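Notes for the one structure printed next.
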RNA sequence: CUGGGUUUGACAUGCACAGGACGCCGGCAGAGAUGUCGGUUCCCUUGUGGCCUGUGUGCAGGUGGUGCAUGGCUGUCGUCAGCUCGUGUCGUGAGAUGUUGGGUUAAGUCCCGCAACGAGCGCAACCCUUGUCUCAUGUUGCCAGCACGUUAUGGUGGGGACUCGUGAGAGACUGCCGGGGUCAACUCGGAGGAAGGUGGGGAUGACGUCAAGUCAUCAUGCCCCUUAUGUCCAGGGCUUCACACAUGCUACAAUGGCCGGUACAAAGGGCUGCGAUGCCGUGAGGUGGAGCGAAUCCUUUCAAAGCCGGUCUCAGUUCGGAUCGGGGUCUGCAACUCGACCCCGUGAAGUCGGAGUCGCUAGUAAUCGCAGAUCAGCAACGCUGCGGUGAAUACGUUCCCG
């Protein structure tokens, strides 16, 4: 078998791809019981759409960490990596779409003296 | 307020003082220093000279103020206005 | 912006309508990051418009945008130590941004008891050319024309 | 801070170990169960007769050398001023400046 | 019967040195090992104010990091035990024998 | 104008004198004054030749005006603070009479930073 | 607050901790007895230049290693000094406390000893320029020293105005992490107040 | 602050005279400090040592004054790019040059010129964290392939496969290509790549300035108190309120309130501490104590915003929660002045806020929850961190500030 991982701002996704139908198994729940947001589903299935291999791979995924959006992003990177492992010669199509790039955007560390990462306390001149 | 299991709190000094005060049915002014002591139904007639921070103010107990503290009846800060 | 222009964010096409402009609309109506509620509001408004008119919602939404899209807008200019209202040509992107912002706000001040109905009514009246955003475009064009004397600088 | 107050803190600690260890703890065990006859026992009154300094509620974590009563750290028993100075000098094992 | 050998040290190289030297000696005595299984590093963080007076906005952060290694043997022949209590280690590293 | 004075230590009568002297500056200010604060302090060291320090802060319609002086007693410090505040308010005026000499004049005579640049044709004059 | 302490900057990279032990429940009392030991050794010995004091602990036995420029002064030929320090370290509730007296190979290359000597000269009668120049020359005469900076501030010369003065020779890269800067601070006792002397000595770099 | 005590003193160390007790354990008086009464009484070894007594005597003791006498520590201009030195040269001299000119950069960064030639502190780099991969690695962590499971699940035997944990290493160097460039710095675009041009964020703050802050962390010169400005105790105060200023939280609602169901985090803490199952309350909580010095157990298996369903229908309201009345819980010797939380009732202002003004350029602002330090309890809506969802805009330096 083949197994890859996807990571998106503290969300880790392990994916197991087999050549069955378009059944989506996310920790024993389907793509509708999970991810009840159409934008998330489109973000999930975009690599399949640009590779046109929709509904020819049974997908088993392990999800932990982060929230629904981070999980969806990490899952999309996971399917991109699995596809690049299955059929190498499609790398142009996925890469120019950006699906092969890990997103290095993380929560900025809170800084002392500031209420938030960049928000500064209100200052009164008078 | 204080929990019910512990019961009301009264200092031992004025406790023994009022027990020896009511044993002969005569109630003279008692000079006290524990503002934290609760009013017990044994004080109904006794007159307390409770501390204030500067002096002692006479407090004559009634049935109404039972269950409170001697401290509520000795107002500490003095304010007359601006 | 002292060292040059900054790159623009390439927001994605909408899944259930396939148009850039509906995504721009949902980002305009977005508040506090509640994106799901914003998309629900926008989709409900579009479906209400489709039900009322009976045709595609994207075409009537585009018609509303062209009805409220401005072309001439006035900015204060300080030339030779003096400030005046100078009419200025508006780039297409800024005209679209202004049109969407006007639509969203003027829908927020409607009286249809719910944001979805307010938005649907505002887009419909802009499509027919009766909305308050259309009016606002009329006044901004009027102000641009009335100050045409200062167009030379 | 003041030598007298540094000393008095220690005197409270030796008082605590002498009294709060069993005297000021068995009375609490008496008062805990409503089934236990506290009212006639006067475990409240008996525990009032004990010195106030028996109670740990009167204790104060001061700096172990400096006597500083505020900005204390329980891991080191040291003031924030002293921890900063000794960590910088490499005196507390396995302590260094942070980055992340 | 197997016994757990637990290492905790503030310095990585020290605890790694002790772990390798301990597996060396137990292998000398002829015992089966599992290897120095790594364990999560414990991080204790403290934030302090730089200045003695005021200036709260300027803070300084410190941590103390504790590294843990796990050693488990088998076949506890007495020679390995007698070797185990006859080992000299750096004072930084402690050993827990269970 | 209303002024609040935050003195310290021993300065009898300094608060009233400072109040009455500073409150007379409202007419000099060309914009409404939103806030006006004065602080009087004295140096503990007798070696200081001018121990008394007076500071003022006025919010002239969002523009902050402040001054600080030193004197041998409260009266002299307050008077010097009044003088400095008057000078600052004179330099802040910003109404038309205060900026009529700085507006660029003439057509070709004189140049300033904000002077209107000369219009140039495409072809060299020749 | 301009410069952080150089020892603390490189505590995990170049320099090493001066106390080596591990404690989980008994961290607090270990620290207490350590600082008591350090202060007692500080007040007890001042003639011989005390450059560093290390403390090692293992259960009952406590091992204290100190470096001096004059070991003979701090050690008794019959053990009288050793007897005194041993007894008054037993008095510190250290259980078995055991000592290694040591001697530094190059006294003039050690920042703490240089600062101690400069401050001792400053205390009695010496002008500060003489002290700084002599220390700088003596330090650069050593082979491994690549750069020294000497600075003391206060009421120099008994004047009424505090002043800050410093001379440097060679390279003192305080911002370079791998560079080892030996840092020494010691306060000069004068009749007009207290003068604090800081010494930075740079001797190459250590790459691990 | 009021009042009550005490003086080689609350606490040190040294000189003396007298000792065998100091010290505790209980009683009484007192608000307590304290005083008094009852019981127990040193080991050395003949010289006295440890204890204290008093008598004393040096002395202790001061959060008493001066941060314009200071050390140390810190803020600030400002993470701005600048500040200097040696030799040489010019000038009677203060001084100048170098450090200026052209170009370039985030940078006194670099290149070309140049009476300057070099150097130092600054810039940058070396350090941490984060984004990719390789090797090692299997417990308390994973579980893909195998077996046992019973509803309760990696729960259990087992397995390195994938995560993950933590060690080592590789990887970004204008390395390559094309074009501008003095063929120089440098710059624009492209390929490869996880990442492209100091990748993101930290730590790091030059000479100095502002007699900036701190004799209340500490130390310290000088002055002052010393039957008191030292020291012990009880009560009170630091919480006082006609107002003014400043930082925040909660709102003024339908992008919402309430009810029910339901899904996803990170980080951190825990021994006289975390504390589970269970039982009792409506709820704070009570009883009880499993297991845990903890990748194991507990903080619930961890969240809230989110999604689904129902209801409310634009009102000072099913908004808002202040204030007030009653009843309780917990901590603590003790919640009156003056704690937090829980229940029932009460239901104020408030309809988006004048002049003016603040923060923020991307995982940022906005919004949501979680944790820690201090800590018996808490005034925490504060501070320090952690993750969830996640925008708009930048045409361009005329104006405002530095």
Residue hits (the stretch C:26-43; within 14 Å of chain A (Cβ to nearest Cβ) and either near RNA strand H (Cβ under 7 Å from one of its atoms) or in contact (Cβ under 8 Å) with a residue 24 or more places away in the chain (or both)) are C:27, C:30, C:33, C:34, C:35, C:36, C:37, C:38, C:40, C:42, C:43
The residue from E:68, E:54, E:8, E:43 that alone is surrounded by fewer than 12 Cβ atoms within 10 Å (Cβ to Cβ) and in a strand (DSSP E or B) is E:43
- Is the stretch C:120-136 home to any residue that is in contact with a helix residue (DSSP H, G or I) (Cβ under 7 Å, 6 or more places away or on another chain), more than 14 Å from chain F (Cβ to nearest Cβ), without any contact (Cβ under 8 Å) to a residue 60 or more places away in the chain and buried (at least 18 other Cβ atoms within 10 Å of the Cβ)? yes
Please verify whether the stretch D:69-76 includes one or more residues that are assigned to a helix (DSSP H, G or I), more than 7 Å from RNA strand H (Cβ to nearest atom) and surrounded by fewer than 16 Cβ atoms within 10 Å (Cβ to Cβ).
-> no
The number of residues in the stretch A:102-125 that are away from chain E (no Cβ under 14 Å), near RNA strand H (Cβ under 6 Å from one of its atoms) and either surrounded by 11 or more Cβ atoms within 10 Å (Cβ to Cβ) or part of a helix (DSSP H, G or I) (or both) is 1
query: Is it the case that some residue within the stretch D:33-55 is within 26 Å of residue G:27 (Cβ to Cβ) and without any contact (Cβ under 8 Å) to a residue 12 or more places away in the chain?
result: no
Going through the stretch A:35-73 in order, the residues found to be surrounded by 17 or more Cβ atoms within 10 Å (Cβ to Cβ) and either free of Cβ contacts under 8 Å to residues at least 24 places away in the same chain or away from RNA strand H (no atom under 12 Å from the Cβ) (or both) are A:39, A:41, A:42, A:44, A:45, A:46, A:47, A:48, A:51, A:53, A:57, A:59
Of the candidates C:82, C:151, C:146, the one satisfying the condition of being farther than 29 Å from residue C:54 by Cβ and within 14 Å of another protein chain (Cβ to nearest Cβ) is C:82
Checked pairs for the stretch C:1-25, first within 9 Å of RNA strand H (Cβ to nearest atom), second part of a loop (DSSP other than H, G, I, E, B), C-beta under 8 Å and 6 or more apart or across chains, list as C:23/C:11; C:23/C:12; C:23/C:13; C:23/C:14; C:24/C:11
Of B:51, B:46, the only residue that is away from RNA strand H (no atom under 12 Å from the Cβ) and more than 14 Å from every other protein chain (Cβ to nearest Cβ) is B:46
*asked:* I'd like to check something: does the stretch G:116-138 contain any residue that is more than 20 Å from the chain's Cα centre (by Cα), closer than 20 Å to residue G:43 by Cα and more than 8 Å from RNA strand H (Cβ to nearest atom)?
replied: yes
- Please verify whether the stretch D:77-89 includes one or more residues that are closer than 18 Å to residue G:34 by Cβ, within 7 Å of RNA strand H (Cβ to nearest atom) and assigned to a helix (DSSP H, G or I). yes
Check whether at least one residue in the stretch A:74-95 is outside any helix (DSSP H, G or I), closer than 30 Å to residue C:26 by Cβ and within 7 Å of RNA strand H (Cβ to nearest atom), and report yes or no. no
Expected output for the stretch D:74-100 (first residue facing chain E (nearest Cβ under 7 Å), partner more than 6 Å from RNA strand H (Cβ to nearest atom) and assigned to a helix (DSSP H, G or I), Cβ below 6 Å, 6+ apart or cross-chain) is D:95/D:87
The residue from F:71, F:13, F:101 that alone is more than 14 Å from chain A (Cβ to nearest Cβ), closer than 30 Å to residue F:115 by Cβ and more than 10 Å from RNA strand H (Cβ to nearest atom) is F:101
Restricting the stretch F:31-53 to residues that are touching a helix residue (DSSP H, G or I) at 6+ places or on another chain (Cβ under 8 Å) and within 26 Å of residue F:94 (Cα to Cα), the one farthest from the other protein chains (Cβ to nearest Cβ) turns out to be F:38
For the stretch B:11-35, the count of residues that are near RNA strand H (Cβ under 10 Å from one of its atoms) and within 14 Å of chain D (Cβ to nearest Cβ) equals 6
For the stretch E:52-64, pairs from a residue that is facing another protein chain (nearest Cβ under 7 Å) to a residue that is assigned to a loop (DSSP other than H, G, I, E, B) and loosely packed, with under 12 Cβ neighbours inside 10 Å, with Cβ under 6 Å and 6 or more apart or across chains, are E:57/A:113
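Restrict the check to the stretch G:44-57 and report whether at least one residue is part of a helix (DSSP H, G or I) and not assigned by CATH to the domain that holds residue G:139.
For the stretch G:44-57, residues part of a helix (DSSP H, G or I) and not assigned by CATH to the domain that holds residue G:139: present.
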*Kindly establish whether residue G:161 is within 14 Å of RNA strand H (Cβ to nearest atom) and in contact with a strand residue (DSSP E or B) (Cβ under 6 Å, 6 or more places away or on another chain).*
no
Return yes when residue E:75 is free of Cβ contacts under 8 Å to residues at least 60 places away in the same chain, under 19 Å from the mean Cα position of the chain (by Cα) and farther than 25 Å from residue G:9 by Cα and no when it is not. no
Of the residues in the stretch G:30-83, those that are within 13 Å of chain D (Cβ to nearest Cβ) and without any contact (Cβ under 8 Å) to a residue 12 or more places away in the chain come to G:31, G:32, G:35, G:39, G:42
Conditions (1) near RNA strand H (Cβ under 7 Å from one of its atoms); (2) away from chain B (no Cβ under 14 Å); (3) part of a helix (DSSP H, G or I); (4) surrounded by 12 or more Cβ atoms within 10 Å (Cβ to Cβ) -> residue D:61 fails only (3)
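Neighbour counts are summed over all protein chains in view; Cβ atoms, including those assigned to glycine, are modelled from backbone coordinates with ideal geometry. What is reported rests on the model, the rules as stated and the sources as named; these are not laboratory values.
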